[PDB]
Protein chains: 2
Amino acid sequence: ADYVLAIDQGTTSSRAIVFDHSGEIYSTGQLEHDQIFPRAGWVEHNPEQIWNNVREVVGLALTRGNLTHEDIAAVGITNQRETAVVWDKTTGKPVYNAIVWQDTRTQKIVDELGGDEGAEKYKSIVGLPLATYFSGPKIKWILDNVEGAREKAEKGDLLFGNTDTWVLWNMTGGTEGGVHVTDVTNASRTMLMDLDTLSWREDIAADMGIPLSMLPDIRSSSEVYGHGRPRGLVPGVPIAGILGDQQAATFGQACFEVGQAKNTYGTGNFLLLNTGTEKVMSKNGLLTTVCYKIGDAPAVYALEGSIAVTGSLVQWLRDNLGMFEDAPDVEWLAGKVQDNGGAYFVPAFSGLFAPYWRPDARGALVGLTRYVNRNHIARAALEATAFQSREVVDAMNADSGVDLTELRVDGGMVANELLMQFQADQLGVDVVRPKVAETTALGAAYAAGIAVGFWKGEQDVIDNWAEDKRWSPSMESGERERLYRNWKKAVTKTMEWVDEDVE
Amino acid sequence: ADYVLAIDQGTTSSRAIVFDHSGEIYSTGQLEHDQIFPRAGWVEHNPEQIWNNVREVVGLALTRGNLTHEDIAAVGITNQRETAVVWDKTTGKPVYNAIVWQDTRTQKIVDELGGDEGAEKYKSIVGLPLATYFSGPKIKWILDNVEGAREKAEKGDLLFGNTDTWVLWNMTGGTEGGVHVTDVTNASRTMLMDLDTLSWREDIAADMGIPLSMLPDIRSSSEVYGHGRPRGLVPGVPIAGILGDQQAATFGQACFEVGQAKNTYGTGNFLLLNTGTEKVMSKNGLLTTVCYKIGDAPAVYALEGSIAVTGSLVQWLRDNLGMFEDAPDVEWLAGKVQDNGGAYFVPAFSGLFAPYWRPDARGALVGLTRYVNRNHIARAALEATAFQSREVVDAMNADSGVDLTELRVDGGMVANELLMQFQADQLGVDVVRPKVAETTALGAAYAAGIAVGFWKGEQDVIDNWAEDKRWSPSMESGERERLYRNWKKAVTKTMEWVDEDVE
């Protein structure tokens, strides 16, 4: 077997990618699944469509690469986190659609669960605030809303799973031999797992009215969970790796050492920092979570931060204000000027931490003078993505003493030299861009190949890890701080106006 | 004679307009003159070109209307203010070009003139801060920098005068009989006139090194100053009206009552409030000026306010940010939505008053959210012109206790019904636009006409004043005030950020 097959079961689509020992793409296949909105704030996925699509991309990837299951040494799985699936273990049929992490129907349940200020109720144990994103409250919604579900869960007839678990169950035979398992990274996103013991917590489960029988067996992120069902496309093939999507991209970037972090650039940004075997609890409102766990080796933990508006800023300037209608890539406008021209963008929800720690939907644009033009505005818009990233990094550093040693990056925006160099300048550490952009799928492959010996372990992966390039800090140190301070000041004053803003 | 000829000697062109008893435009003539920039910040006009242009337009207006000096009952003159002309009274040739109000070369002179007392040194006597705009310091410049000027002056052969004086002198014969006179509105713009007594200040003149022999005799704004020279276009005709442009505009809007004010909408805005016979000194930085004086009658005063960025805002958003390249008229985009969507513009130099009275070049745009689009921005942009006029109105109220009774408007933006309505809504008083848009010229006509009896007086002018349209406040008090205080908070917060913005 010369290849490892990764399945990335994402939010909007699912793809299979076949990798070789070097970490290079051999063949791929991809399909979208429906985003279902039964009503406002509700976001659902049809679980069967997800399975049949996954079934199909695998076939697609093999066919394109002229491969046979005989060529696959292992299958790795990565998935959109938090999305909740509840199905019958006997009929195999879901009792309701998968409730996506984007869904907000559980706001009320989340508010009752916490009680008059209780969002932080479970943080010390599970590392998460009570929010609409996480699985637990979603399972509770399914048990309080669906006819009969709770009684059958009581009986032990219902299974819960993130889609890693849903995909794994179907790939091992479903109602015939299906294994009900999840890894530590995905379990850390449900609100039910104790970060220290890596086990389900009975008290939190009871609090949410969730029978323990619905919960899958928590295992590591790298070990043989099972084998491809006999009559499928990957008959006999070991399925030996699972990592939540962001943890997988982190793993595919080879952020194996303390201080290494991965920043993903999209409409919004996600940043995870490897804090080693030491678990760090945030004082800045950040998430604590599991980065990965390779078999019997100790779990490696992480701090996770998110930024609501990064790449979507420039997209809003275009679709809402009608700017840049002439230029597709804004980088080429920002490059026509030397500076932000005194302009600063206070993106919405940028007021993450100080002085209030209360992100708001209202943003601003300050420092406009007669000289300022759209090239400056393009420049400042890119800077705000970097500034926000820096403020999440400073929060992480303040919480650990594990200071970001370097940033590895993925996402569409990693193709912007200006942004990337400025990101390095602002952070004062190197910024590395991998040669393979699908870090999410690559992480799932590394996790699975390690478990079966296709790769010998973490060090061997580093040896086969190739980078595209890296940017090193070069900006005048004084200019580096001036920009950052003026920006944090802008954020502050903007939040002050917002408090007194009577809408 | 059934007509009154008005000469409007402006910043970029000069025009002649012939009106009849009903205030209608019968015939007109207009010609541009060169805007000379010998140096950065230097702005000059060729006094000879201006004079030639004035004769030619007068000729044009008379010819096109088929009128002769016999049909002209009187001539009125209005002119761009503060611009200074210094000429040889024996040859009638300028010693230098006219230095325009927009010329900033007098900054050093102005800085040192104030000594330890500063810019407000003379404010309590003349109504004006020391600044590059005003005539005094410009006359000093010419004397200190031009050869033979200082001595010719000491002989009594040098004359000064704004363009009103410069035109009246030539019109009455120049070297051969020219009269050297100015009215009180223009005199009050040079910094050398006492507001209470309406006379030249012997001490201020010496402070600036200006012999009193250079200064024109000060008269009222409406009386016969002399008659057109025999070889001219208007031989024997009384020249009986002079008002500085903004005052002319105000007079031509028939703003004859305490509390009536006129707002001129341009790239920037000029607002004047009639304060009656009581001179009011501002505690808000506004200017104190003579509105007009009609013969023996007591002089009427005004408070004057200037707003730097009004019409420029939309221009900037288009020429610099590349927005609205689709809409030459933004009123059509603003009309697609019913409100600003939460957005507020804090235009550069909008911090005219509290908290600091320290206008700054740096502005901002706040209250941005995902749903705000260019339609909201367009409306917010317009709202900002209305808001800044309201704060100038408030500062005028806080200075005198004279409630604005009604706002008369001119300038390019009065075609915008959306803006004029909102303006009425914000001021809570009626906003009216005249049928005759050329208010400055009409104002000069009224003054001259009254001096010769073509009109009986101010009530008679009112009896002939033509009104086009009027807007009544229609916005609920809650919405009205909420929008305004929200904007004022935006201006405040912006100024605070600007104070800590290290650029």
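Residues numbered from 1 in each chain as written, not as in the entry; some residues may be left out. Chains lettered and ligands numbered in written order. Heavy atoms only, no water.

As recorded in the PDB header, X-ray crystallography is the method behind this entry, and the stated resolution is 2.30 Å.

With the PDB entry as reference, chain A is termed glycerol kinase, source organism Cellulomonas sp..

For the rest of this paragraph, the subject is the overall build of chain A. The secondary structure content of chain A amounts to 16 helices and 23 strands. In terms of C-alpha radius of gyration, chain A reaches 23 Å, essentially the compact-globule figure of 23 Å for 503 residues. Reported as C-alpha extents along the three principal axes, the dimensions of chain A are approximately 70 × 55 × 45 Å. Across the 503 residues that make up chain A, the buried fraction comes to 63%. Within chain A, residue pairs in contact and separated by at least 24 positions form 72% of the contacts whose partners lie at least 6 positions apart. (Helix = DSSP H or I, 4+ residues; strand = E, 2+ residues; numbered from the N terminus. Rg over C-alpha atoms; globule rule 2.2 N^0.38 Å. Buried < 20%, exposed > 50% of the residue type's maximum accessible area, 1.4 Å probe, protein only. Contact = heavy atoms within 4.5 Å.)

Let us look at the side chain of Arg189(A). Here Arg189(A) shows up in the loop between α7 (184-187) and β10 (193-194). Apart from the residues lying within four places of it in its own chain, the contact partners of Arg189(A) are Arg81(A), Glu82(A), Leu128(A), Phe134(A), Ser135(A), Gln247(A), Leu287(A), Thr289(A) and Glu304(A).

Across a sheet, paired strands are connected by hydrogen bonds in the backbone, their directions being either parallel or antiparallel. All names here are of chain A. Reading across from one edge, β3-β2-β1-β5-β14-β13 is the order of the six strands in this open sheet, with mixed pairing throughout. At either end of the open sheet lies a strand with only one pairing partner, and these are β3 (25-32) and β13 (222-227). Between one strand and the next, the sheet's axes are offset by a mean angle of 25 degrees, whatever the strand orientation. In this sheet, strand β14 (residues 238-244) lies alongside β13 in antiparallel orientation, the contact comprising three bridges. Counted as the bridge partner of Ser 222 is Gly 241 from β14. Packing against the sheet, helix α6 (residues 163-171) makes contact with β1 (3-9), β5 (72-79), β13 and β14, and its axis sits at approximately 145 degrees to β5. The strands that helix α14 (residues 439-452) touches are β1, β2 (13-19), β5, β13 and β14; relative to β5, the one it contacts most, it runs at about 135 degrees. (Pairing = 2+ DSSP bridges. Axes fitted to C-alpha atoms, helices over the stretch in contact; angles between N-to-C directions.)

With that settled, consider the side chain of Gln260(B). All names here are of chain B. Assignment of secondary structure puts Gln 260 in strand β15 (residues 260-265). Note on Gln 260: relative accessible area 7%, which makes it buried. One polar contact links the side chain of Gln 260 to the main-chain amide nitrogen of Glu 257, over a distance of 2.7 Å. Within polar-contact distance, the side chain of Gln 260 engages the side chain of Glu 406 at 3.2 Å. (Polar contact = N/O pair within 3.5 Å; in protein donor to acceptor, adjacent residues only side chain to side chain.)

Another aspect to go through is the relation of the copies chain B and chain A. With an axial shift of 0.4 Å and an RMSD of 0.5 Å, the rotation relating chain B to chain A amounts to 179 degrees. This pairing of chains is accounted for by a two-fold axis. Residue by residue, 100% of the interface of chain B is reproduced at the interface of chain A, so both copies engage with the same surface. (Least-squares fit on C-alpha atoms.)

This next bit is on the pairing of β15(B). All names here are of chain B. Along β15, six of the six residues are buried, which leaves the element largely enclosed by surrounding structure. In β15, alternate side chains face the same way, and those of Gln 260, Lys 262 and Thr 264 on one face and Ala 261, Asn 263 and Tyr 265 on the other are all buried. Here β15 pairs with strand β21 (residues 406-411) via six bridges, running parallel. Its bridge partner lying in β21, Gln 260 is registered against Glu 406. Of the pairings in the sheet, the one linking β15 to strand β16 (residues 269-276) comprises five bridges and is antiparallel in character. The residue of β16 that forms the bridge with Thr 264 is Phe 270. From the end of β15 to the start of β16, which pair antiparallel, there are three residues.

Moving on, we get to the interface of chain B and chain A. Residue-level contacts link 33 residues of chain B with 33 residues of chain A. Of the roughly 3,100 Å² buried between chain B and chain A on both sides combined, carbon and sulfur atoms contribute 57%. Broken down residue by residue, the surface that chain B buries against chain A is led by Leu321(B), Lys493(B) and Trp497(B), which jointly contribute 20%. For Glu496(B), the salt bridge goes to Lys493(A), with nearest N and O atoms at 2.9 Å. The interface formed by chain B and chain A includes 29 residue pairs in polar contact. Contributions of two or more residues to the side of chain B that touches chain A are made by β20 (363-368), α12 (374-400) and α16 (477-499) of chain B. (Buried area = accessible area lost by both parts, 1.4 Å probe. Salt bridge = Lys/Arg side-chain N within 4 Å of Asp/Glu carboxyl O.)

A word on the state of the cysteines. All names here are of chain A. Summed over all chains, the structure comprises zero disulfides over all chains. With no disulfide partner, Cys 291 has as its closest neighbouring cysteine sulfur the one in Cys 255, 7.5 Å distant. On the basis of relative accessible area, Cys 291 is assigned to the buried category, the value being 0%. (Disulfide = S-S within 2.5 Å.)

Glancing now at the pattern of salt bridges. Within the structure shown, the criterion is met by 69 salt bridges over all chains. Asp103(B) is paired through a salt bridge with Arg105(B); the nearest N and O atoms lie 2.6 Å apart. Of the two residues, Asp103(B) and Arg105(B), both sit in the buried class. Taken together, the shared-partner salt bridges connect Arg81(A), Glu82(A), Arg189(A), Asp245(A) and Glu304(A) into one network.

All names here are of chain A. Here the domain parsing of chain A yields domain 1 (1-253) and domain 2 (254-503). Domain 1 and domain 2 are separated by 27 Å when their C-alpha centres are compared. The interface is formed by 53 residues belonging to domain 1 together with 49 residues belonging to domain 2. Where domain 1 abuts domain 2, roughly 4,100 Å² becomes buried across the two surfaces, and 64% of that area is made up of carbon and sulfur atoms. Inspection of the region where domain 1 meets domain 2 yields three salt bridges. Between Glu 304 and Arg 189 there is a salt bridge whose closest N-O contact spans 3.0 Å. Linking domain 1 to domain 2 there are 26 residue pairs in polar contact. Residue assignment for the side of domain 1 that touches domain 2 shows that the elements contributing at least two residues are β1, β2, β5, α3 (123-126), α7, β13, β14 and α9 (245-252). (Domains from an automatic or database assignment.)

Cis geometry is found at the peptide bond from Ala354(A) to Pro355(A), where omega equals -10 degrees. The topology assignment puts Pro355(A) in the loop between β19 (344-346) and β20 (363-368). The phi angle at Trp357(A) is positive, at roughly 70 degrees, despite the residue not being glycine. Checked against the element boundaries, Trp357(A) lands in the loop between β19 and β20. For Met191(B), which is not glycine, the phi torsion reads 80 degrees and is therefore positive. Mapped onto the fold, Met191(B) is located in the loop between α7 (184-187) and β10 (193-194).

We now examine the environment of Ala364(B). When you line up the elements, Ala364(B) lands in strand β20. Taking the C-alpha atoms as reference, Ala364(B) lies 9.8 Å from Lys493(B); in sequence the two are 129 residues apart. In this view, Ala364(B) contacts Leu365(A), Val366(A), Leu368(A), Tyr344(B), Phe345(B), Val346(B) and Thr494(B); residues no more than four positions away in its chain are not counted.

Residue and element names in this part refer to chain A. Contact geometry of helix α12 (residues 374-400) with helix α13 (residues 417-427) gives a least axis separation of 9 Å together with a crossing angle of 35 degrees. Here the hand of the crossing between α12 and α13 comes out right-handed. On α13, the residues that touch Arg 379, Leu 382, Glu 383, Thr 385, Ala 386, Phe 387, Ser 389, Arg 390 and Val 393 of α12 are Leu 418, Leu 419, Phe 422, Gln 423, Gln 426 and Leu 427. Of the residues assigned to the contact of α12 with α13, the class counts are eight nonpolar, four polar and three charged. (Left-handed = near helix turned anticlockwise from the far one by under 90°. Nonpolar A, V, L, I, M, F, W, Y, C, P; charged D, E, K, R; others polar.)

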